[PDB]
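Next up is a structure, given as structure tokens.
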């Protein structure tokens, strides 16, 4: 207000149009709260227009922070893939889907290796002593293949019978609006928030 | 999409600041040159800031054109909320 | 003892966005930020009031700390 | 069996995969050509100098096999160099991997992209000078920490950033992966060292007993213990279980700028700005020797692969070699031993760099010393 | 058991999943996870909550058994709950293990 | 130091979690990583 | 000389950009401290869209910033982005060519030598050859 | 007896599939569209009366314990089943079936 | 400069002010344009050499003496 061309004037006027493009503290416990901190300085009584001025000052502190975390909680709700003015450049996540398929294949390979090792443990024309894990476990493998058949006929018997985006603000959006502003950038409330 | 249209036009546009110099100070802060047009929009935004300060300073000089003095930058940045400092120690 | 009742804070969000829901962690941190603001502002305003040799804590004292350290400029 | 060894299920260490078991097969082929160094067969030092380096080099790391060299620089970049004749390739994009099949023997070879193949990959994303650099033992997963308060996990298969670990608000002066590659420790200006796990956005252990900046953070070879040197002239061992400080090593006159462990796990060499390399016992918690040849800040230490030689590199542009067998020939209740004043007999050699501070020291698995430092004419 | 998808809850779920697959908000290779979690949920739920029992006396026509799946077709069966009688003409009973 | 030692003992009491044996590239949840499809504008 | 030049080439281009915008305004001959002031606000402005648009994209789990990350970055600096298409189409504008690069003359001479003694088996072939 | 189980299991699968979809990257309004149109289809089938309404043969699917066969009679030990009879639906957890072939 | 709001530049270094004690304190605005820009130096490269060959330091030009 002291600066006519002030730079935080144009911020929160263009921030509101960015969110459009997608407190009133209790007077009775606050008046006891000001007076107890006033005992440490000798401020024994307070002016009657102050306890509602601090409540208007706490409102414009949090409304400047609720508006700030709302324009970064809607920053994540901009889906580029519905628009076709944008083009995909580098997806690490589909590479991760490929990794998940590769890991399933590796687990199958490891199971096959273990079966081969069990078979080797007693390789003979007839089953051999304790290591004859081939005689019983291989029959179980056949039983497991029969069990798979179930996961495929249940998909067949039942077929034969048949025949306004909501924005949620995380703690990241509050932390992101704390390390940027000058107050609460090096503070114990942001430092503890990294562990909550 | 006026700005999306402008950024699409920014290919074939050469800004006053080079992209080897705007891209150097962007790489210093982690911003890497994926797209030249984005570097050019950042360069133009910086240019507009400096140019607006300069034009306000010129209105002050014309009121008191020609030489730009620290006593012209002082009321020009005061409406921006920026208190510029004299050297005073050299 | 709590000065912000956790429901008027939800009306501070409904005025900005009619479709927005904070998390419980976010609400509790916002309440802590409010409590901390009240404490810092009152302590410094009281330092200005002792400086003005007063036992009254008038707004001039609260208004000066907002303009110089927080740049709030709340109309008085 | 070692009675001083922890159980395998004490710290939940990750599994050993078949590609990680394939690494140790070619690692013991390098151990076949490994020379016994001793005080007679002094090793050859191959200095990998950074020539231009007008952005200030602040962090070096080499992989366990001498294949990659990372460089952390003051222009907020990490730069990976291949030193073997094999260019750095990224893996193919997700469209190219969807058309190929898995289960093939080649698989990894099939995935590599040859369109992207350089001898140098630059990594952007830190907003500040990168101070720590740490490779993972599987040669993926570069780690970097910087002035902006974040630790970053760069992939070496996609050559992008994966995670940014924001726990410090302050300059993270060092980071290191575990020698098994899952956990990592990062020490910063906020006088703690955090233990991370590459799976959680929040740390697991906070080592918060130092009174100044945690300059160094080193894992034990069994990764159950973390040594954190600091600027309050103390070195502290921290148990990964319970986060307790189990050893406190005092006796340095300046901030500790280098730590290394013996390959036995019995000893710990620390260097600081006083030019002193102090050799500590870990079981007895007693310093066992003092090496006082260096003049300026000792910024890099490493033992040999056998443990025969400790190599020291400092800002006096020298790579000193110390006899790390004659320094540990004797193994209380007075809590101290009479240190021998034997530095002159433990110096096997001093080699001076051309105006080049020795930032890193590395030992090849065939016992060849590698060193990296930006050449600063000054 | 992927058996319960041909029920009325499975019908409503599968057709609402196709309704959201038509508006491209959800994707294939994700609805597989939706059905898997739903099937595990009803496997947990259906053997936990109800605790009821119904008895009947039947006159079987045809029956079939394959891959541990029984399927019967009964004719003119009456059901029984206590003071609740259900007369019906032709039933198909499917049952897995 | 009295603040760092309180958040340490609150954090160091929690035991270390076990590791899944073949989970893949071990990463945080995808809203905590930097791995998104990472779009760009079409040149026209 | 070269380390000074690494920083100075990129600062001197910023100073020439400042001098050119001042000339476009109407100023001929400015004070010296007023030019190093304004080119310090110019470097601090490019470095602030560097740090904040990287922060806004990485908050949304991405690594390189799009247009929607800068039009929220410039809003949080109070820029009024809509006036920028009119500023780009001036008739008074200049173009400062980028600082000359010594990389174009990257390598004067590269050669090899013979008679170097062989490598011992603890040194692989990719390390440099033993000298004369 | 049927809408209680339907409400409990639909909120169970919703509160389980929340993390499944947000680990597969989609908005919570998409989850809401899933549940909303899913209760819309329970309205549209028009068989059980419940909540979102106020706002083809007879098949019994189940599991078995044992099927036992005498010369002319069958004994079914059925369990945990959802019956659809006369249009309406019922649930059971045990069933003894006497069947003359 | 010092920005009270702090939003245009938030903890962003502008590299200081290139000012001197023996400066002229007034320059012509076309003198700064017409001077040639300094040459951007070479990028960082990795060269390897030998500090020690089995204990002995070679007399190559990458070594001091």
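Letters are used for the chains, namely A, B, C, D, E, F, G, H and I, taken in the order the chains are written, and counting of residues starts over at 1 for each.
Simple rule for what comes next: a residue touches a chain if its C-beta (ideal position, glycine included) is under 8 Å from a C-beta of that chain, and two chains touch if they have at least 3 such contacts.
According to UniProt, the chain labels map to these proteins: E = Transcription initiation factor IIA subunit 2.
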item: Touching chain A and also chain I, the following chains; value: B, D, G
item: Minimum number of chain-to-chain touching steps separating chain E from chain I; value: 2
item: F-H or B-G, whichever has more C-beta pairs in contact; value: B-G
item: Remotest chain, chain C as reference, centres from CA atoms; value: E
item: Chain nearest the overall Cα centroid; value: F
item: Centroid spacing, where centroids are CA-atom means, of chain H and chain I in whole angstrom; value: 73
item: Centroid spacing, where centroids are CA-atom means, of chain A and chain D in whole angstrom; value: 32
item: Rounded Å distance between chain A and chain B, as computed from the means of their C-alpha atoms; value: 37
item: Distance between chain centroids, defined by C-alpha means - chain G, chain I (Å); value: 13
item: Residue list for chain F, restricted to those that touch at least two other chains; value: 7, 11, 22, 29-36, 38-41
item: Shared-contact residues (touching 2 or more other chains) in chain A; value: 6-8, 11, 80, 85-86, 89-94, 97, 106, 158, 161, 164-166, 168, 170, 172-173, 180, 185, 195
item: Overlap residues in chain E, where contacts from two or more other chains coincide; value: 1, 3, 6, 92, 94, 96-97
item: Every chain pair meeting the contact rule; value: A-B, A-C, A-D, A-E, A-F, A-G, A-H, A-I, B-D, B-F, B-G, B-I, D-F, D-G, D-I, E-H, F-G, F-H, G-I
item: List of chain I residues in touch with chain B within their complex; value: 1-5, 8, 17, 19-21, 23, 26, 40
item: Residues of chain G that touch chain I when the two form their complex; value: 2-3, 5-13, 15-16, 19-20, 22-23, 27-33, 35-37, 40-45, 47-48, 51-52, 76-78, 96, 99-103, 106, 127-128, 130-131
item: Footprint of chain G on chain F - complex, ascending; value: 30-36, 38-41
item: Contacting residues of chain H [partner chain A, same complex]; value: 25, 27-29, 32, 59, 61
item: Residues of chain F touching chain B in the complex; value: 40-41, 43-44
